[PDB]
């Protein structure tokens, strides 16, 4: 985990994120998207639970990206929750929630759910 998490990851839709896993569970980095009301790089921050593992389990982690930078303000944020699996073909399998700021009447339709798999290749 940690060392193995640090680096560049890519998902099936063309997004990329670079992250550094800190010794004490922190995850800091940048996310550059391919889809959405996104344009360029956004700051990401998260945590991972290591001290993950004598039975080859994945390392649980999660991170958040607020979709605001100097070129775009999408009034939304996405959180990814999943686990890191290392080795030959290391990957981070996740499920995500994207919430957009709405008025109280439309709050019932403010959150989208999806999944993403990231690889080092």
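For the two forms, the rigid core is made up of the largest set of C-alpha atoms that agree within 1.5 Å on superposition. Positions refer to the first chain, counted from 1.
Rigid core superposition in 4 other deposited structures of this protein puts the Cα atoms of one stretch, out of 72-80 and 39-47, farther from the shown form on average, and that stretch is 39-47. Taken in 4 other deposited structures of this protein and fitted on the core, 88-96 and 26-34 differ in how far their Cα atoms move from the shown form, and the one that moves more is 26-34. Looking at 66-74 and 53-61 together, the entry lists the larger mean B-factor for 53-61, computed on C-alpha atoms. For the segment pair 94-102 and 16-24, the entry gives 16-24 the higher mean B-factor, averaged over Cα atoms. Per the PDB entry, 40 shows the highest C-alpha temperature factor of the residues 40, 83, 79, 45.
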